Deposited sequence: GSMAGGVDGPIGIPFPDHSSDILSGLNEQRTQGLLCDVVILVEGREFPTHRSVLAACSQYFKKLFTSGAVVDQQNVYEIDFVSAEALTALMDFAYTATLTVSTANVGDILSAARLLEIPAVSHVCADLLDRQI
């Protein structure tokens, strides 16, 4: 009969490979531009993470985003590609604003819970 063989580290290894690709600018199909900083990424990974980008890409190589800061987009990209959110009580309000406009629920829920109320 069929045997299922699970691979515990597989999804981490796939994400690590996609992160290596943006870091080298290899096989990226899109560039986001925010405050003069370029972010080579994958439209597929952005859409799996952000309902804003999913909507944008399912209806250019370059997309200029004006409604978030470069600092916040950097935190949010690093999270999408590495699974770790780097944040301070100085920039958490900025990260939360951006996560709410880009519609990234994991981030927007954790940031708002830190600040609730």
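Engineer: Compare what was deposited with what's modelled and send me the C-alpha-less stretches, numbered from 1.
Structural biologist: Residues lacking C-alpha coordinates: 1-8, 68-73, 132-133.
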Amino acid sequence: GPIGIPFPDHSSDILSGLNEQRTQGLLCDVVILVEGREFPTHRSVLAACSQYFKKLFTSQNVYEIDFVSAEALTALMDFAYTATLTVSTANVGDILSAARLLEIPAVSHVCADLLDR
From here on, numbers count along this sequence of modelled residues.
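Engineer: Should the higher mean CA B-factor in the entry be assigned to 87-95 or to 73-81?
Structural biologist: Stretch with the higher mean C-alpha B-factor: 87-95.
Engineer: 38-46 versus 61-69: which one carries the higher mean Cα B factor per the record?
Structural biologist: So the stretch with the higher mean C-alpha B-factor is 61-69.
Engineer: Give the position of residue 24 by CA B-factor within its chain, expressed as the lowest, middle or highest third.
Structural biologist: Residue 24: CA B-factor falls in the highest third of its chain.
Engineer: Going by the entry, which third of its chain does the Cα temperature factor of residue 4 land in?
Structural biologist: Tercile = lowest for this residue's CA B-factor.
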